[PDB]
Amino acid sequence: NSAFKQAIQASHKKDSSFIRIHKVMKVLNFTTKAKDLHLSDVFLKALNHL
Amino acid sequence: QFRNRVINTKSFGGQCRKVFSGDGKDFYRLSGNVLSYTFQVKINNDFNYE
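Residue numbers (the authors' numbering), protein chains in the order written: chain B, 296 to 345; chain C, 150 to 199.
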């Protein structure tokens with residue numbers, strides 16, 4: 296007399312997640328005057344030594 | 150390595166060159182020489198867990 300039992304179970308679980316966020320929030324804008332701009336003193340100096 | 154003091158970065162040159170730091174929210178006096186000093190923050194985070 297012979298008896299044989301075998302049970303095999305295998306599970307493979309694979310998981311991946313990706314998130315890319317790119318927020319660009321403006322809160323302020325400006326326009327510079329066209330004329331008679333007031334130069335940075337250090338820039339005025341650098342120009343005067345040219 | 151950073152070494153010892155080479156430039157006098159507090160030579161104000163007789164100017165009252167205030168700058169308002171929005172980060173520290175405080176008025177600071179720049180030296181007369183410095184070409185610019187600005188306080189916009191950048192924060193640059195790498196996590197890598199394995």
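We treat Cβ as the ideally placed atom computed from N, Cα and C, and that holds for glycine.
Neighbourhood of residue i by C-beta, 6 Å cutoff - its chain only, sequence neighbours within 5 removed
{"i": "C:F176", "result": "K167 and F169"}
{"i": "B:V337", "result": "none"}
Secondary structure of residue i, DSSP reduced to three states
{"i": "B:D336", "result": "helix"}
{"i": "B:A341", "result": "helix"}
Cβ neighbours of residue i in the same chain (closer than 8 Å, five flanking residues each side left out)
{"i": "B:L342", "result": "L334"}
Beta-bridge pairing of residue i - partner residues as DSSP gives them
{"i": "C:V183", "result": "For C:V183, which the question treats as bridged, DSSP gives no partner whatsoever."}
{"i": "C:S170", "result": "C:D175"}
* Pull out every residue of the region 164 to 180 of chain C whose Cβ sits closer than 9 Å to any Cβ of chain B, in chain order. => Correct list: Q164 and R166.
* When you check each C-beta in the region 315 to 336 of chain B against every C-beta of chain C, which residues fall closer than 9 Å? -> So the list reads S335 and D336, given in the order they occur along the chain.
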